[PDB]
């Protein structure tokens, strides 16, 4: 496997499967089909590879959110938030995200990228707000996604998206009380 991008994607697979503590160059090397020495020549060491991977994360969030088609009014916002929430993968071990997030906060380089990642998502929501959205509505919507996601991770009932989006629908009704119900 050749490109920096192909290698960083394979390393991301490993990070999701093992978490950041058990993450190793050897495990990336075995995933991507390259020698560990090759990873070292291209990315210097474990810590530096983690940084490049998380840089690619923030890039991919921005790349992803920026091209999602924009619909009109509260209904467009609702559509966007559905796509956003459904984008989260719960198929293997969702709890690894909380270990990832914790680990990121301990390493200044990763912490800055984590901030950029959340800022990108908040700004992505902000740009989909129709006129008449309450002030700072983007912060509230991102909080509901993160908080309801946590609720479900601890105490799961049904699919993540259904738990989160029910709450999103509820807050959208409060933000746009003259709109028709938001269909989930």
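Residue numbers count along the first chain shown, from 1.
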statement: Avg C-alpha B-factor, entry values, 39 to 47 vs 136 to 144, higher side is 39 to 47
- prompt: Got a sec? Mean C-alpha B-factor, which is higher, 149 to 157 or 26 to 34?
  reply: 26 to 34
message: Quick check for you: using the entry's CA B-factors within this chain, is residue 71 in the lowest, middle or highest third?
response: highest
message: Among the modelled residues of this chain, does the Cα B factor of residue 58 put it in the lowest, middle or highest third?
response: highest
field: Chain thirds of CA B-factor: placement of residue 11
entry: middle
message: Which third, lowest, middle or highest, does the C-alpha temperature factor of residue 18 belong to within its own chain?
response: highest
CA B-factor ranking of residue 87, expressed as a third of its chain: middle
